[PDB]
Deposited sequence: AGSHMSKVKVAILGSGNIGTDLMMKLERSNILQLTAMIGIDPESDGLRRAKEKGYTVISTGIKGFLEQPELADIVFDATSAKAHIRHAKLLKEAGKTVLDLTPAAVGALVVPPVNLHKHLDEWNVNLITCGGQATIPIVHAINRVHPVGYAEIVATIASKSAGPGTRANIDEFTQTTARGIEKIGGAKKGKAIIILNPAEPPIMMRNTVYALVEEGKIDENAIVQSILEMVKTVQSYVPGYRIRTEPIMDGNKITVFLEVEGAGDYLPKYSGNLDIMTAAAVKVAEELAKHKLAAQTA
């Protein structure tokens, strides 16, 4: 105790691997204060972990949290898309802000260095997909220098991390709407190689008409890579951006932080890292607005 900088209280709905990984990351936040983990099974292994770490645990689900709504202003939903529909309805009615880490995609799709600044007041934000969080920054880095007519991303993840079809479509539509590409295509590839590989992504972009300012595009991409690295330290470009005519190719690799998820699960880790980053920017916005 004493005097302190203001923080926003947050709670994690879900007690599985994603929820536990979020909890590890939230401990390092200086603007978010994690207070509680919410599950449905009092014997949950993730609730035990959270109890041990000093947090409030709730094993009576969303209703149990809504009985103690002062625990949190921002809730991370790390359960499932089917469960998120009711969670979203009830959390919005209780005036809480929610970060959806599921594919339910009820709220606004956000990538923090691209379009978060237009969504600081949303009730519900969704983090799209791992491939989206990894590559939409790059598509945008290019599109804001020179309009992109077509972008294809190829996400290769370790096998140990209609699923494929639905995720490629949401990624591809995210590449268009948030990345800015007129047409987008997404490929997800699962690689069984042992030891497990770090997640890799390839971004192909075809830019539209006009003279190409190569230095400007490359500096925009390198700047984006640094910006993402600030909340995903293992996010890196593998070689320089390749130019051939109006075609630009960027090679990425995404090593996970290894907080609770393994380092080779960078596709899952980027989701919790991007969620924490989004919640921090929402938190700073909320703190600046209050009593007003």
Should a student be asked to find the unmodelled regions, what ranges of the deposited sequence would be the right answer here? 162-167
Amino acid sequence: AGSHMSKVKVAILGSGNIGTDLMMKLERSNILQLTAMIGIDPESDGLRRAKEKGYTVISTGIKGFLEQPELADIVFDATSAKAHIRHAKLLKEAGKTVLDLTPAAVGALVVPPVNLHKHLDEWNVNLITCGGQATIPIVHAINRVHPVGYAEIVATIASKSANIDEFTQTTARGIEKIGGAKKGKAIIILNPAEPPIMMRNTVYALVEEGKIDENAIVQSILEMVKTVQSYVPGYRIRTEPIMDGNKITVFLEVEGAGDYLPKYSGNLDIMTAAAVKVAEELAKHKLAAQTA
From here on, numbers count along this sequence of modelled residues.
With reference to the PDB entry, specify whether the mean Cα temperature factor is higher for 175-183 or for 189-197. 189-197
Looking only at CA atoms, which has the higher mean B factor in the entry: 249-257 or 45-53? 45-53
Can you pull the Cα B-factors for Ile153, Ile138, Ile157, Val110 from the entry and say which is highest? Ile157
In terms of CA temperature factor as recorded, identify the highest of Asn124, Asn163, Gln133, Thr102. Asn163
Chain third (lowest, middle, highest) by recorded CA B-factor, residue given as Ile142: lowest
Would you please rank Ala205 by its C-alpha temperature factor against the other modelled residues of its chain and give the third it falls in: lowest, middle or highest? lowest
Where does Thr170 sit by CA temperature factor within its chain: lowest, middle or highest third? highest
Chain third (lowest, middle, highest) by recorded CA B-factor, residue given as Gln33: lowest
Sorting the chain's modelled residues by C-alpha B-factor, tell me whether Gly39 ends up in the lowest, middle or highest third. middle
